[PDB]
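Below is one structure, written out as structure tokens; comments come after it.
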Amino acid sequence: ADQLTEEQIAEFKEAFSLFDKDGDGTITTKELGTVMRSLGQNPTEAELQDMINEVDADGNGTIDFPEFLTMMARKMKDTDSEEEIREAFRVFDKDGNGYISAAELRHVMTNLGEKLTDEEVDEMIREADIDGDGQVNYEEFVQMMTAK
Ligand SMILES: [Ca+2]
Ligand SMILES: [Ca+2]
Ligand SMILES: [Ca+2]
Ligand SMILES: [Ca+2]
């Protein structure tokens, strides 16, 4: 589904409180980055406050529960395993040997649902593309899909 079930909201409520250091109803930068460090990442507060601000409904820069449900919905629907990402990466890569070229990426993301033109594909790539090679790799892909 796109919308959450009473079981998932329940648990996104149990997670919400668990994360909260003060015990209020707002998550800060500091609170969530501590979980993000334990789940294996390492953003800074700054890199946190960025993605906080985008997803803020009210605007305030602290995370309320309907914006955690909006966050974690958008997470939990998309990501399965991480293994799902990998196999879907090497579904997208036509030959399969490494990289999804601009060409390959256009065609399969156009078959998926939004129609992309050349420059729409280039632009998706370019912001994430470290080599400047015009291809999207697995770490660039995982970075790219995270962003827009
Ligand atoms: Ca708090
Ligand atoms: Ca807010
Ligand atoms: Ca390829
Ligand atoms: Ca690249």
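Quick note on naming: the chains in the structure tokens go A, B, ... in the order shown, residues restart at 1 in each chain, and ligands are numbered from 1 in order of appearance.
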
So that I can check the secondary structure, give me every residue of segment 63-109 of chain A assigned helix (DSSP H, G or I) by backbone DSSP, as number ranges by chain.
A: 65-78, 83-92, 102-109

Write out as a ChimeraX atom specification the residues lying within 12 Å of residue 143 of chain A, counting only C-alpha atoms and excluding same-chain residues fewer than 6 positions away.
/A:85,124-130,136-137

Go ahead and save the picked residues with N, CA, C and O atoms, as a compact mmCIF listing (two decimals), in the first residue's frame.
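Output contents, as saved in result_29.txt:
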```
# COMPACT_ATOMS: atom_id res chain seq x y z
N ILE A 85 17.18 -3.87 -3.71
CA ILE A 85 17.79 -2.76 -4.38
C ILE A 85 18.83 -3.27 -5.31
O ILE A 85 18.89 -2.96 -6.50
N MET A 124 19.35 13.39 -13.68
CA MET A 124 19.20 12.42 -12.64
C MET A 124 20.52 11.83 -12.28
O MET A 124 20.90 11.73 -11.11
N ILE A 125 21.27 11.40 -13.31
CA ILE A 125 22.63 10.95 -13.28
C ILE A 125 23.62 11.95 -12.79
O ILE A 125 24.19 11.75 -11.72
N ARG A 126 23.75 13.14 -13.41
CA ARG A 126 24.73 14.16 -13.23
C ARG A 126 24.93 14.59 -11.82
O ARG A 126 26.03 14.79 -11.31
N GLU A 127 23.86 14.76 -11.02
CA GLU A 127 23.92 15.22 -9.67
C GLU A 127 24.57 14.18 -8.81
O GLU A 127 25.25 14.46 -7.82
N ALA A 128 24.48 12.89 -9.16
CA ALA A 128 25.06 11.83 -8.41
C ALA A 128 26.34 11.25 -8.93
O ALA A 128 26.91 10.34 -8.34
N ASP A 129 26.87 11.74 -10.06
CA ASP A 129 27.79 11.03 -10.89
C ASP A 129 29.11 11.57 -10.47
O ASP A 129 29.55 12.69 -10.69
N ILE A 130 29.99 10.79 -9.80
CA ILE A 130 31.30 11.14 -9.35
C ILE A 130 32.30 11.08 -10.45
O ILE A 130 33.07 12.04 -10.58
N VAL A 136 25.64 5.42 -14.11
CA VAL A 136 25.25 5.26 -12.74
C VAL A 136 25.62 3.94 -12.16
O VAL A 136 25.18 2.91 -12.67
N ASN A 137 26.46 3.88 -11.11
CA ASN A 137 26.92 2.67 -10.51
C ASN A 137 26.06 2.39 -9.33
O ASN A 137 25.12 3.15 -9.10
```

Taking only C-alpha atoms and all ligand atoms into account, list the residues no farther than 7 Å from ligand 2, as a list in words.
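The residues near ligand 2 are residues 56, 57, 58, 59, 60, 61, 62, 63, 64 and 67 of chain A.
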
Please find the residues contacting ligand 3 at a distance of at most 6 Å between atoms, with only C-alpha atoms and all ligand atoms counted, and report them as a ChimeraX atom specification.
/A:93-96,99-101

Residue with the minimum atom-to-atom distance to residue 65 of chain A, picked from A:1, A:112, A:121, A:27 with only C-alpha atoms counted, is A:27

Record the distance separating atom CA of residue 88 of chain A and atom CA of residue 111 of chain A, expressed in Å with one decimal.
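Distance between the two atoms: 13.4 Å.
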
To one decimal in Å, tell me the separation between atom CA of residue 110 of chain A and atom CA of residue 76 of chain A.
23.6 Å

What parts of chain A does DSSP call strand (DSSP E)? I'd like the answer as number ranges by chain.
A: 100-101, 135-136

Take the residues from that selection and put them in a file with C-alpha atoms, as a PDB file, in the first residue's frame.
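After the write, part.pdb holds the following:
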```
ATOM      1  CA  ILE A 100      23.608   1.429 -15.769  1.00  0.00           C
ATOM      2  CA  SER A 101      24.449   3.731 -18.712  1.00  0.00           C
ATOM      3  CA  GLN A 135      26.851   5.982 -16.153  1.00  0.00           C
ATOM      4  CA  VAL A 136      25.253   5.257 -12.743  1.00  0.00           C
TER       5      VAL A 136
END
```

Nearest residue to ligand 1 out of A:102, A:3, A:14, A:23, using only C-alpha atoms and all ligand atoms?
A:23

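The coordinates place atom CA of residue 19 of chain A at 7.0 Å from atom CA of residue 35 of chain A.
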
Given a cut-off of 6 Å, what residues near ligand 1 show up using only C-alpha atoms and all ligand atoms, put as a list in words?
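Those residues are residues 20, 21, 22, 23, 24, 26, 27 and 28 of chain A.
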
Any idea what's packed within 12 Å of residue 72 of chain A, counting only C-alpha atoms, ignoring anything in its chain fewer than 2 positions away? Could you give it as a list in words?
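Selected residues are residues 2, 3, 4, 8, 9, 11, 12, 13, 15, 16, 55, 63, 64, 65, 66, 67, 68, 69, 70, 74, 75, 76, 77, 78 and 79 of chain A.
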
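In this comparison, which uses only C-alpha atoms, the residue of A:6, A:142, A:107, A:73 approaching residue 120 of chain A most closely is A:107.
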